[PDB]
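Trainee: After the structure tokens below, expect a handful of questions from me.
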Number of protein chains: 2
Amino acid sequence: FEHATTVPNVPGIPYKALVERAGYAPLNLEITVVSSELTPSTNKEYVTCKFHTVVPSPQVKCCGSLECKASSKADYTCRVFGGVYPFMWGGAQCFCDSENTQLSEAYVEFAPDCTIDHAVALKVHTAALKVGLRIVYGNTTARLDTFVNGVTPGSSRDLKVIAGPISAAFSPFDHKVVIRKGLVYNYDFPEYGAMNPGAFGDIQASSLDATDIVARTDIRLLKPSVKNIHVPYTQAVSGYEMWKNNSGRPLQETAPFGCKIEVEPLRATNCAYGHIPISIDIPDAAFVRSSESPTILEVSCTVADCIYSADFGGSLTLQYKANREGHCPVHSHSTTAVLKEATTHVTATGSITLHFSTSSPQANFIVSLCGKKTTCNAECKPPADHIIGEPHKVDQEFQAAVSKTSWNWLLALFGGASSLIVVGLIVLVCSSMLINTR
Amino acid sequence: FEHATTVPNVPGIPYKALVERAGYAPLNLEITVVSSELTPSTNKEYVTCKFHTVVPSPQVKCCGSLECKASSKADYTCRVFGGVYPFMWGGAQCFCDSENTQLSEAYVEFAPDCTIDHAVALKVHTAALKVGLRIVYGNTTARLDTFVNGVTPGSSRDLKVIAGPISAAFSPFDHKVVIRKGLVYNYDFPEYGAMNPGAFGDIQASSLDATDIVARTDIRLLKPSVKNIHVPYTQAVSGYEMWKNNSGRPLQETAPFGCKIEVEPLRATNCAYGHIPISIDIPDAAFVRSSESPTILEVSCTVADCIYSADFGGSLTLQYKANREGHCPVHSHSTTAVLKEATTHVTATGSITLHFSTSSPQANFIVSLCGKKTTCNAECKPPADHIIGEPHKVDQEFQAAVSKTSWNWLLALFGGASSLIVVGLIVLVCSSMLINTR
Ligand SMILES: *[C@@H]1O[C@H](CO)[C@@H](O)[C@H](O)[C@H]1NC(C)=O
Ligand SMILES: *[C@@H]1O[C@H](CO)[C@@H](O)[C@H](O)[C@H]1NC(C)=O
């Protein structure tokens, strides 16, 4: 049989339900969302890391001429200079009365440390959510893991179970992101082929070990200015360390709902938000006919004591009369309250307690023992402790915090002035007629 | 200097422009979009291809019992059968008075041909356009290739040139696509992990040579029914050949604007649609002062004959007086008409012809020889031939097909009834006063 139900997106929050079929005892169904797995689609754009300038041996043409030539190396620079003043420990490298000239050039390349200090700029889209569900029926536990989509049931025992789509779409990830040393940072990285000195991603490459590179970081050559042969180079500070210094806090400290983000899939997990509708198919053989089910008689409830606690602290008791030994389930069709155990033994005239929780102080509701129903009411008090991180609000508040006494007082407050005005008008018209008599 | 201009998205359509700077002769600028390259971002989802069922040797337990066991193989099936009737050329394989039983099982695997018959399902997004521009200035040709974005100028001579963004976004590709044997097909492939017998992508795999596979194609075992040992298997027809038979026409025959689609990048090229704004930076040294530019005097135009042809078939002539020898550019600031050659020699009293085209039959406009301007008018006739595929409408029609004679007739048609009614009212009030005299 197939049953439909909506569940909150949250871990460690079992949800209990029942299936009604004529001649079959209502079957307890427990559903647990073990964890969440939001995996988006992303594409590798480029990589960046601290670079190193190249300072190759300059070219010296003595007492003659020469011309500059470009080079395919990324961020390359070249420039000639006449009237050079070459000196070295060995002395004047060559000789002519200041006629000689020298060509200098430089370029950049990623340093060896980059191999492990690389930071990759990622473009992401189409967040996809994966949900793992564990379902208990007839004290039998089955499992499945399915994409949140409502069109691809998973495989578990060759059982087709579907979930979603989500009520709302949530994704902490933004279109542009960066990954560095296992830390993910939300930032609008410059597009590939865009070089801006003193900025993130100044050096860009298709792959870490790509021979072809493109970069621009405003390198300007300086004229020789000293005795010896030297190439003074002026360049802006590397942008990688710049972004490192003031990169801001990591996404791990900014993700809403406490998403637990992992890097190797670049995906979130254990993050709770939204609702999920699901349809569960259960084999008919799993069901049990009511003929063999225990029969109960003259059952009653009693709230020994309840507390309006965030955690599961509510208690209840039931007393029953029966004729057959065995087990029956227990349920509460009121969403405001949730039980703890689904089934229990049954004796001829036994009475058993129950643990439960509620989201309202007016503990009035209907609970079913085995197949039969029964009303049960009480009032609960706020707790002394008022800060706890354990599961809370298994059912969200439904403006039911208002008390029965509050309803009685509000009813006694509003007055029936409409009846007063109606009676006044009626007597007024009657008197008007009586005086039209004259 | 920097100049801004908008160009249509189309190949083989040179666009001519001028830059105005005081004391500098206007510099002809020719811009050509050599080709287009629309490259989107896509992710590999899975692969599919014709499969082959596995028919392994069945298990036979003689005169005893046995139990079925599942197998991790994709789309696996298993089933036992008692009271088997085993026979073979060698005869009754084993002996017991019908007590023996046999277990049969089967699964599926991609056939060797699949290695080259594989079809990959692709998910695509964020179409990105790449434009190659060739720019001629001062009879010097330079090139660049830039992403359509307006934030990443390209590198050519270390020159920064920017283009786009597009006026409108166009992409023949859809969210879901498939690629097979170099043919791209637009189809909503079933999501990974969704098996539907008798449909496209029945067999799915992360990679072509992935040991782990998932599939379901409704295999049911049949009981032994003959003398010999045999395993009758019933299964639905393979979905790959099914989609092949009625896959529909390829995208190559459906892409708007005649996009030329290539598979190895899964990208379109040579596809024309939309407008592109661009900014071109030109070095100051490229400009030439008006002092050295040839000086012209008393220039005049003459339309020898024009034809309202789709192709470049318009002709013109100019006669000029000058004092200096050299070259000057020629331009037309009227968008409705486009010239063919940008510059020409200049003599003291020479006269030269010109080839051009127009998008309106009213060939009235202003054209500039060297620096000076001049008005020039004529009328053009439709051509005898009225089907040609060569470049047409270098400038789109601007509701200027209306003729001067049509304007004269329309002006002579509309009448000044407003003046008539005003005069009638004035004389009416005058007469009313005259009669109020009595
Ligand atoms: C599940 O509950 C039924 C109900 O009495 C019981 O008969 C059965 O033995 C239980 N199964 C297990 C595994 O405890
Ligand atoms: C470009 O045109 C100018 C204008 O007269 C001329 O001086 C120059 O030689 C031309 N350049 C080439 C390469 O023809």
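Naming scheme: A, B, ... for chains in displayed order of the structure tokens; residues 1 onward per chain; ligands 1 onward as shown.
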Could I have chain B as a compact mmCIF listing (two decimals) with C-alpha atoms, in the first residue's frame after it is superimposed on chain A by least squares, pairing all C-alpha atoms in sequence order?
Mentor:
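See result.txt below for the written result:
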```txt
# COMPACT_ATOMS: atom_id res chain seq x y z
CA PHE B 1 0.00 0.00 0.00
CA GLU B 2 1.04 3.61 -0.65
CA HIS B 3 0.82 6.45 1.88
CA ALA B 4 1.72 10.13 1.55
CA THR B 5 3.17 12.31 4.30
CA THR B 6 5.10 15.55 4.75
CA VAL B 7 8.19 15.69 6.98
CA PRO B 8 10.38 18.59 8.15
CA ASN B 9 13.93 18.86 6.84
CA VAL B 10 15.88 18.12 10.02
CA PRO B 11 18.07 15.30 11.41
CA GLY B 12 17.31 13.23 14.48
CA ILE B 13 13.59 14.02 14.34
CA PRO B 14 11.63 10.75 13.96
CA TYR B 15 8.12 11.21 12.58
CA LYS B 16 5.37 8.68 13.31
CA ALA B 17 2.34 7.91 11.17
CA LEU B 18 -0.38 5.31 10.63
CA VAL B 19 -2.02 3.66 7.62
CA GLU B 20 -5.76 2.95 7.70
CA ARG B 21 -6.99 -0.13 5.83
CA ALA B 22 -10.26 -1.94 6.47
CA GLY B 23 -9.70 -5.23 8.27
CA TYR B 24 -6.00 -4.44 8.87
CA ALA B 25 -4.67 -3.20 12.19
CA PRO B 26 -3.20 0.32 11.82
CA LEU B 27 0.51 -0.11 11.12
CA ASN B 28 2.99 2.15 12.90
CA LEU B 29 5.40 3.83 10.47
CA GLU B 30 8.50 5.63 11.74
CA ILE B 31 10.47 7.83 9.34
CA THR B 32 13.88 9.34 10.14
CA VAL B 33 15.96 11.68 7.99
CA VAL B 34 19.42 10.47 8.97
CA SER B 35 21.24 13.34 7.24
CA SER B 36 21.16 15.75 4.31
CA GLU B 37 23.45 15.98 1.29
CA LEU B 38 23.18 19.09 -0.90
CA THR B 39 25.47 18.53 -3.89
CA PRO B 40 25.56 21.21 -6.63
CA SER B 41 27.01 21.19 -10.13
CA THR B 42 30.23 23.17 -10.53
CA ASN B 43 32.85 23.80 -13.21
CA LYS B 44 36.56 24.50 -12.79
CA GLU B 45 37.44 27.99 -14.02
CA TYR B 46 41.12 28.52 -13.15
CA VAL B 47 43.71 28.44 -10.38
CA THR B 48 45.78 31.07 -8.57
CA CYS B 49 48.65 31.10 -6.09
CA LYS B 50 51.69 33.10 -5.04
CA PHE B 51 54.00 33.64 -8.01
CA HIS B 52 57.69 34.36 -8.54
CA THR B 53 59.25 36.83 -10.94
CA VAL B 54 61.85 35.61 -13.43
CA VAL B 55 65.16 37.49 -13.47
CA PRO B 56 67.14 35.88 -16.31
CA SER B 57 70.65 36.82 -17.31
CA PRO B 58 70.50 40.08 -19.30
CA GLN B 59 71.77 40.34 -22.86
CA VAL B 60 74.76 42.61 -23.47
CA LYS B 61 75.76 43.84 -26.93
CA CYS B 62 79.11 45.58 -26.71
CA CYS B 63 79.77 48.78 -28.64
CA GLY B 64 76.96 47.95 -31.08
CA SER B 65 73.19 47.76 -31.42
CA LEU B 66 70.32 45.39 -30.58
CA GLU B 67 66.52 45.31 -30.59
CA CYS B 68 63.90 44.06 -28.14
CA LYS B 69 61.88 40.91 -28.83
CA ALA B 70 58.74 39.72 -27.08
CA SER B 71 58.27 36.28 -25.51
CA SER B 72 55.28 33.97 -25.19
CA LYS B 73 55.80 33.74 -21.42
CA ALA B 74 52.91 35.13 -19.39
CA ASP B 75 53.16 38.72 -18.16
CA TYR B 76 56.38 39.14 -20.13
CA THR B 77 58.31 42.41 -20.26
CA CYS B 78 61.29 43.52 -22.34
CA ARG B 79 63.27 46.72 -22.81
CA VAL B 80 66.60 47.93 -24.17
CA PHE B 81 68.97 50.48 -22.66
CA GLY B 82 71.95 52.23 -24.23
CA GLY B 83 74.94 53.80 -22.55
CA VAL B 84 75.17 50.90 -20.12
CA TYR B 85 77.81 50.88 -17.37
CA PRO B 86 78.75 47.19 -17.05
CA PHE B 87 81.01 46.19 -14.16
CA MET B 88 81.58 42.96 -12.25
CA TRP B 89 84.05 41.39 -9.85
CA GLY B 90 86.00 40.46 -12.97
CA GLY B 91 85.63 44.08 -14.04
CA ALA B 92 84.33 45.92 -17.07
CA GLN B 93 82.69 43.03 -18.90
CA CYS B 94 83.47 44.51 -22.31
CA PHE B 95 85.10 47.70 -23.56
CA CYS B 96 83.93 50.65 -25.64
CA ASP B 97 83.63 54.32 -24.71
CA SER B 98 80.06 54.04 -23.38
CA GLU B 99 78.87 52.78 -26.79
CA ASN B 100 77.64 49.43 -25.46
CA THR B 101 74.00 48.64 -24.69
CA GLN B 102 72.05 45.93 -22.88
CA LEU B 103 68.65 44.30 -23.31
CA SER B 104 66.76 43.22 -20.19
CA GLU B 105 63.58 41.20 -19.84
CA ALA B 106 61.56 39.32 -17.26
CA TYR B 107 58.44 37.22 -16.75
CA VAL B 108 56.60 35.34 -13.99
CA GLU B 109 55.90 31.73 -13.05
CA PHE B 110 54.13 29.93 -10.23
CA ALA B 111 56.46 28.97 -7.38
CA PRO B 112 56.94 25.30 -6.44
CA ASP B 113 55.05 25.81 -3.17
CA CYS B 114 52.03 26.65 -5.33
CA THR B 115 51.79 22.91 -6.07
CA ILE B 116 50.11 22.61 -2.65
CA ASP B 117 49.11 26.25 -2.02
CA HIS B 118 46.87 26.36 -5.09
CA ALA B 119 43.46 28.03 -4.84
CA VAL B 120 40.80 27.15 -7.41
CA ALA B 121 38.00 29.46 -8.56
CA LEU B 122 34.73 27.57 -9.05
CA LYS B 123 31.49 28.41 -10.84
CA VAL B 124 28.50 26.55 -9.39
CA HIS B 125 24.83 26.09 -10.26
CA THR B 126 21.81 23.80 -9.92
CA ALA B 127 22.08 22.73 -6.30
CA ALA B 128 20.85 19.15 -5.86
CA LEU B 129 19.83 17.59 -2.55
CA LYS B 130 20.27 13.97 -1.46
CA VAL B 131 18.29 12.59 1.50
CA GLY B 132 18.85 9.40 3.46
CA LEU B 133 15.70 7.94 5.01
CA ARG B 134 15.30 5.10 7.49
CA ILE B 135 11.79 3.65 7.80
CA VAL B 136 10.57 1.27 10.52
CA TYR B 137 7.37 -0.71 9.93
CA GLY B 138 6.17 -3.78 11.80
CA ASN B 139 9.35 -3.75 13.90
CA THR B 140 11.29 -4.11 10.65
CA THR B 141 13.86 -1.49 9.62
CA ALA B 142 14.55 -0.62 5.98
CA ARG B 143 16.70 2.11 4.45
CA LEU B 144 17.00 4.19 1.31
CA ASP B 145 18.97 7.12 -0.08
CA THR B 146 17.29 9.19 -2.78
CA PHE B 147 17.73 12.41 -4.68
CA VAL B 148 15.30 15.04 -3.41
CA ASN B 149 13.57 15.01 -6.80
CA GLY B 150 10.10 13.48 -6.92
CA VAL B 151 10.71 11.49 -10.11
CA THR B 152 13.56 9.07 -9.22
CA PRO B 153 12.58 6.52 -6.56
CA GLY B 154 15.55 4.73 -5.05
CA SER B 155 16.37 1.04 -4.77
CA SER B 156 16.23 -0.80 -1.44
CA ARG B 157 14.91 -4.37 -1.40
CA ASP B 158 13.78 -3.40 -4.93
CA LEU B 159 11.38 -0.96 -3.24
CA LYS B 160 10.50 2.31 -4.99
CA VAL B 161 10.27 5.25 -2.57
CA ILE B 162 10.02 8.87 -3.72
CA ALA B 163 10.51 12.16 -1.88
CA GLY B 164 10.29 15.87 -2.57
CA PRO B 165 10.45 18.23 -4.31
CA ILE B 166 11.29 20.72 -1.55
CA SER B 167 8.75 23.33 -0.47
CA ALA B 168 11.44 25.99 -0.92
CA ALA B 169 14.91 26.03 -2.46
CA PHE B 170 17.87 26.83 -0.20
CA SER B 171 21.55 26.92 -1.11
CA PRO B 172 24.34 28.67 0.85
CA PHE B 173 26.57 28.52 -2.23
CA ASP B 174 26.75 31.50 -4.57
CA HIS B 175 27.43 31.59 -8.31
CA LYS B 176 31.13 32.36 -7.71
CA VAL B 177 33.25 30.61 -5.06
CA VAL B 178 36.88 29.77 -4.29
CA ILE B 179 38.51 26.77 -2.60
CA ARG B 180 41.89 26.97 -0.87
CA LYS B 181 43.52 24.48 1.52
CA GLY B 182 40.17 22.89 2.33
CA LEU B 183 38.48 26.24 3.05
CA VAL B 184 35.64 27.54 0.86
CA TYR B 185 35.23 31.30 0.44
CA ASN B 186 32.29 33.13 -1.15
CA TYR B 187 33.67 35.77 -3.51
CA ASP B 188 33.08 37.10 -7.02
CA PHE B 189 36.38 36.09 -8.57
CA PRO B 190 37.45 37.98 -11.71
CA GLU B 191 36.60 36.18 -14.93
CA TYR B 192 39.29 34.20 -16.73
CA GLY B 193 41.45 36.35 -18.97
CA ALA B 194 40.92 39.45 -16.79
CA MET B 195 44.16 40.59 -15.13
CA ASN B 196 43.99 43.33 -12.50
CA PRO B 197 47.18 43.99 -10.49
CA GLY B 198 46.76 44.00 -6.73
CA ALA B 199 43.65 41.81 -6.73
CA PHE B 200 42.55 38.23 -6.18
CA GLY B 201 43.34 35.83 -9.00
CA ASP B 202 46.06 38.00 -10.52
CA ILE B 203 47.75 34.87 -11.89
CA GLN B 204 45.39 32.54 -13.76
CA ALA B 205 45.91 29.15 -15.39
CA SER B 206 43.68 26.46 -16.86
CA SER B 207 45.53 23.80 -14.85
CA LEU B 208 48.17 23.76 -12.12
CA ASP B 209 50.88 22.41 -14.46
CA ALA B 210 49.80 24.23 -17.63
CA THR B 211 52.70 25.44 -19.77
CA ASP B 212 50.46 28.15 -21.26
CA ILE B 213 49.70 30.96 -18.80
CA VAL B 214 48.25 34.47 -18.96
CA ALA B 215 48.84 37.22 -16.41
CA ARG B 216 49.45 40.95 -16.01
CA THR B 217 50.83 42.51 -12.82
CA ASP B 218 52.33 45.82 -14.01
CA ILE B 219 56.05 45.08 -14.27
CA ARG B 220 58.22 48.03 -15.32
CA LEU B 221 61.94 47.81 -16.01
CA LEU B 222 64.38 50.29 -14.48
CA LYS B 223 67.44 51.64 -16.25
CA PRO B 224 70.86 50.46 -15.04
CA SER B 225 71.97 52.87 -12.33
CA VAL B 226 75.06 51.39 -10.61
CA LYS B 227 78.61 50.22 -11.29
CA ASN B 228 77.86 46.53 -11.73
CA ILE B 229 75.49 44.69 -14.06
CA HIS B 230 72.07 44.66 -12.42
CA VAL B 231 68.42 44.55 -13.47
CA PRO B 232 66.20 46.60 -11.12
CA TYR B 233 62.58 45.45 -11.43
CA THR B 234 59.54 47.15 -9.91
CA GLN B 235 56.24 45.31 -9.49
CA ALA B 236 53.10 45.45 -7.39
CA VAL B 237 52.63 43.14 -4.42
CA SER B 238 51.26 39.69 -5.22
CA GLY B 239 47.47 39.57 -5.05
CA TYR B 240 47.32 36.09 -3.54
CA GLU B 241 48.84 37.15 -0.23
CA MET B 242 46.69 40.28 -0.46
CA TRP B 243 43.45 38.31 -0.60
CA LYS B 244 44.87 36.02 2.10
CA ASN B 245 45.47 38.87 4.55
CA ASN B 246 41.89 40.22 4.43
CA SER B 247 39.97 37.33 2.88
CA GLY B 248 37.26 37.67 5.53
CA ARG B 249 35.82 34.90 7.64
CA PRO B 250 35.20 31.48 6.08
CA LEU B 251 31.81 30.25 4.94
CA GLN B 252 31.84 27.71 7.78
CA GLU B 253 31.04 30.63 10.12
CA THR B 254 28.37 32.14 7.83
CA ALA B 255 26.28 29.28 6.42
CA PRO B 256 22.61 29.54 7.47
CA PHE B 257 21.15 26.54 9.30
CA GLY B 258 24.65 25.37 10.22
CA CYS B 259 25.39 23.59 6.96
CA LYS B 260 28.36 21.23 7.38
CA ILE B 261 30.39 21.86 4.22
CA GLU B 262 32.88 19.33 2.83
CA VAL B 263 35.40 20.17 0.15
CA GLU B 264 36.20 17.05 -1.88
CA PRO B 265 32.62 17.03 -3.28
CA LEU B 266 32.25 20.76 -2.61
CA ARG B 267 28.91 19.93 -1.03
CA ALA B 268 26.91 20.62 2.12
CA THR B 269 25.55 18.02 4.53
CA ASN B 270 23.63 17.82 7.80
CA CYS B 271 21.88 21.11 7.01
CA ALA B 272 18.22 21.47 7.95
CA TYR B 273 15.59 23.68 6.33
CA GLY B 274 12.25 23.25 4.58
CA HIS B 275 9.60 20.57 4.23
CA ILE B 276 9.58 17.41 2.10
CA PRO B 277 6.52 15.51 0.82
CA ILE B 278 7.08 11.78 0.41
CA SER B 279 5.17 8.68 -0.69
CA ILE B 280 6.01 5.33 0.92
CA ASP B 281 4.96 2.01 -0.60
CA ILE B 282 4.64 -0.92 1.81
CA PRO B 283 4.05 -4.56 0.79
CA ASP B 284 0.62 -5.95 1.61
CA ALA B 285 2.18 -8.98 3.31
CA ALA B 286 3.67 -6.64 5.92
CA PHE B 287 0.13 -5.75 7.02
CA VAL B 288 -1.67 -7.90 9.60
CA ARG B 289 -5.40 -8.61 9.60
CA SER B 290 -7.42 -7.28 12.52
CA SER B 291 -8.71 -10.81 13.17
CA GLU B 292 -5.42 -11.87 14.78
CA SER B 293 -4.78 -8.44 16.30
CA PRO B 294 -5.37 -8.13 20.06
CA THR B 295 -8.81 -6.85 21.03
CA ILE B 296 -9.07 -4.05 23.60
CA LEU B 297 -12.05 -2.81 25.59
CA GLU B 298 -12.99 0.12 27.83
CA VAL B 299 -9.72 2.07 27.67
CA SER B 300 -9.14 5.37 29.47
CA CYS B 301 -6.40 7.99 29.77
CA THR B 302 -4.85 9.87 32.67
CA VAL B 303 -2.27 12.67 32.62
CA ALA B 304 -0.30 11.99 35.80
CA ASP B 305 1.74 15.15 35.22
CA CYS B 306 2.99 17.18 32.26
CA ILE B 307 5.53 19.95 31.78
CA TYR B 308 5.66 22.43 28.91
CA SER B 309 9.26 21.38 28.24
CA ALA B 310 11.19 21.91 25.03
CA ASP B 311 12.63 18.40 25.39
CA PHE B 312 10.62 15.17 25.68
CA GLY B 313 9.42 15.38 29.28
CA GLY B 314 5.68 14.74 29.10
CA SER B 315 4.19 11.67 30.76
CA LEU B 316 0.87 9.89 30.35
CA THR B 317 -0.90 6.72 31.46
CA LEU B 318 -3.60 4.49 30.01
CA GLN B 319 -5.74 1.73 31.53
CA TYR B 320 -7.32 -0.88 29.28
CA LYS B 321 -9.50 -3.99 29.33
CA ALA B 322 -8.82 -6.73 26.79
CA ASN B 323 -9.33 -10.42 26.02
CA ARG B 324 -6.25 -11.40 23.96
CA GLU B 325 -2.53 -11.31 24.67
CA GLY B 326 -0.04 -9.79 22.26
CA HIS B 327 1.16 -6.39 21.07
CA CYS B 328 -0.67 -3.32 19.81
CA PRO B 329 0.56 0.03 18.49
CA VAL B 330 -0.12 3.41 20.07
CA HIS B 331 -0.48 6.71 18.23
CA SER B 332 -1.57 10.33 18.57
CA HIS B 333 -3.43 11.88 15.63
CA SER B 334 -2.94 15.35 17.15
CA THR B 335 0.13 16.93 15.56
CA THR B 336 0.77 19.16 18.59
CA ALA B 337 1.94 16.10 20.56
CA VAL B 338 4.31 13.27 19.65
CA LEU B 339 4.76 9.94 21.44
CA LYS B 340 8.02 8.04 22.07
CA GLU B 341 7.24 4.32 21.66
CA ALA B 342 4.89 3.03 18.97
CA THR B 343 3.74 -0.34 20.33
CA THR B 344 3.51 -2.28 23.57
CA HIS B 345 2.22 -5.49 25.11
CA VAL B 346 -1.46 -5.92 25.97
CA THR B 347 -2.98 -7.82 28.90
CA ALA B 348 -6.55 -8.57 29.95
CA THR B 349 -6.80 -5.60 32.34
CA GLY B 350 -3.34 -4.04 32.30
CA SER B 351 -2.39 -0.38 32.45
CA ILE B 352 0.77 1.15 30.99
CA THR B 353 2.51 4.52 30.97
CA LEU B 354 3.84 6.52 28.02
CA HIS B 355 6.42 9.22 27.35
CA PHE B 356 5.64 12.05 24.94
CA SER B 357 6.23 15.71 24.11
CA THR B 358 4.08 18.66 23.08
CA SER B 359 4.46 22.14 21.60
CA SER B 360 1.56 23.73 23.51
CA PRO B 361 0.72 24.05 27.23
CA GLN B 362 -2.91 23.02 26.64
CA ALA B 363 -2.32 19.26 26.64
CA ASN B 364 -5.71 18.31 25.19
CA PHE B 365 -5.81 15.79 22.36
CA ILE B 366 -6.87 12.36 21.08
CA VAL B 367 -4.65 9.28 21.30
CA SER B 368 -5.31 5.78 20.01
CA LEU B 369 -4.40 2.60 21.86
CA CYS B 370 -4.20 -0.35 19.46
CA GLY B 371 -7.12 0.42 17.10
CA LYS B 372 -9.36 2.32 19.51
CA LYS B 373 -9.28 6.08 20.14
CA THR B 374 -9.68 8.10 23.32
CA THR B 375 -9.71 11.76 24.32
CA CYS B 376 -7.33 12.98 27.02
CA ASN B 377 -6.73 16.46 28.45
CA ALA B 378 -4.45 18.28 30.90
CA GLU B 379 -2.41 21.46 31.37
CA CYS B 380 1.38 21.79 31.34
CA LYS B 381 3.78 24.24 33.01
CA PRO B 382 6.93 25.96 31.70
CA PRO B 383 10.21 24.43 32.90
CA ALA B 384 12.84 25.88 35.20
CA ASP B 385 15.61 25.29 32.65
CA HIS B 386 15.03 27.31 29.48
CA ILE B 387 18.14 26.73 27.33
CA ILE B 388 18.76 23.34 25.70
CA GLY B 389 20.11 22.25 22.32
CA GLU B 390 18.45 18.83 22.16
CA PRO B 391 15.59 18.24 19.67
CA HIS B 392 12.89 20.86 20.22
CA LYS B 393 9.57 21.70 18.56
CA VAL B 394 9.00 18.31 16.97
CA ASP B 395 5.84 20.14 15.89
CA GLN B 396 5.98 23.88 15.32
CA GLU B 397 3.64 26.13 17.28
CA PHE B 398 0.18 26.62 15.76
CA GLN B 399 -0.96 29.66 17.77
CA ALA B 400 -2.28 27.13 20.30
CA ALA B 401 -0.31 28.55 23.24
CA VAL B 402 -3.57 30.33 24.14
CA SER B 403 -5.06 28.66 27.21
CA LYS B 404 -8.57 27.39 27.91
CA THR B 405 -8.83 29.94 30.72
CA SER B 406 -7.77 32.61 28.23
CA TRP B 407 -10.58 31.50 25.90
CA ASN B 408 -13.08 31.64 28.77
CA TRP B 409 -11.91 35.14 29.75
CA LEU B 410 -11.98 36.38 26.14
CA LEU B 411 -15.48 34.97 25.66
CA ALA B 412 -16.63 36.66 28.87
CA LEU B 413 -14.99 39.90 27.68
CA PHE B 414 -16.69 40.37 24.32
CA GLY B 415 -20.23 41.65 24.80
CA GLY B 416 -23.41 41.27 22.81
CA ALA B 417 -24.02 44.93 22.01
CA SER B 418 -25.51 43.91 18.65
CA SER B 419 -28.49 42.34 20.43
CA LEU B 420 -28.84 45.47 22.57
CA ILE B 421 -28.97 47.76 19.53
CA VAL B 422 -31.39 45.43 17.73
CA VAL B 423 -33.75 45.39 20.73
CA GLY B 424 -33.43 49.15 21.06
CA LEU B 425 -34.37 49.65 17.41
CA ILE B 426 -37.32 47.25 17.72
CA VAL B 427 -38.72 49.01 20.78
CA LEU B 428 -38.03 52.35 19.07
CA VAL B 429 -40.14 51.45 16.03
CA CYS B 430 -42.87 50.06 18.28
CA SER B 431 -42.98 53.31 20.26
CA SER B 432 -42.92 55.34 17.04
CA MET B 433 -46.02 53.47 15.85
CA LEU B 434 -47.69 53.84 19.26
CA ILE B 435 -47.18 57.61 19.03
CA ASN B 436 -48.27 57.77 15.40
CA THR B 437 -51.51 56.53 16.97
CA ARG B 438 -51.75 59.84 18.88
```
Trainee: Go through range 170-265 of chain A and collect every residue that DSSP, computed from the backbone, puts in strand (DSSP E or B); the answer should be as a PDB file with C-alpha atoms, in the first residue's frame.
Mentor:
```pdb
ATOM      1  CA  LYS A 176      31.129  32.355  -7.705  1.00  0.00           C
ATOM      2  CA  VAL A 177      33.245  30.608  -5.060  1.00  0.00           C
ATOM      3  CA  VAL A 178      36.875  29.768  -4.293  1.00  0.00           C
ATOM      4  CA  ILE A 179      38.505  26.772  -2.604  1.00  0.00           C
ATOM      5  CA  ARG A 180      41.888  26.967  -0.867  1.00  0.00           C
ATOM      6  CA  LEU A 183      38.475  26.239   3.050  1.00  0.00           C
ATOM      7  CA  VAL A 184      35.641  27.541   0.860  1.00  0.00           C
ATOM      8  CA  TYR A 185      35.226  31.305   0.442  1.00  0.00           C
ATOM      9  CA  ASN A 186      32.287  33.126  -1.148  1.00  0.00           C
ATOM     10  CA  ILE A 203      47.751  34.866 -11.893  1.00  0.00           C
ATOM     11  CA  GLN A 204      45.390  32.540 -13.760  1.00  0.00           C
ATOM     12  CA  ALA A 205      45.907  29.150 -15.391  1.00  0.00           C
ATOM     13  CA  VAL A 214      48.246  34.472 -18.959  1.00  0.00           C
ATOM     14  CA  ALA A 215      48.841  37.219 -16.407  1.00  0.00           C
ATOM     15  CA  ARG A 220      58.217  48.029 -15.316  1.00  0.00           C
ATOM     16  CA  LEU A 221      61.943  47.805 -16.007  1.00  0.00           C
ATOM     17  CA  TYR A 233      62.581  45.451 -11.433  1.00  0.00           C
ATOM     18  CA  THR A 234      59.535  47.152  -9.907  1.00  0.00           C
ATOM     19  CA  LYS A 260      28.364  21.234   7.376  1.00  0.00           C
ATOM     20  CA  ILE A 261      30.394  21.857   4.220  1.00  0.00           C
ATOM     21  CA  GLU A 262      32.882  19.331   2.830  1.00  0.00           C
TER      22      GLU A 262
END
```
Trainee: Out of range 186-318 of chain B, which residues get alpha helix (DSSP H) from DSSP, as a ChimeraX atom specification?
Mentor: /B:239-245
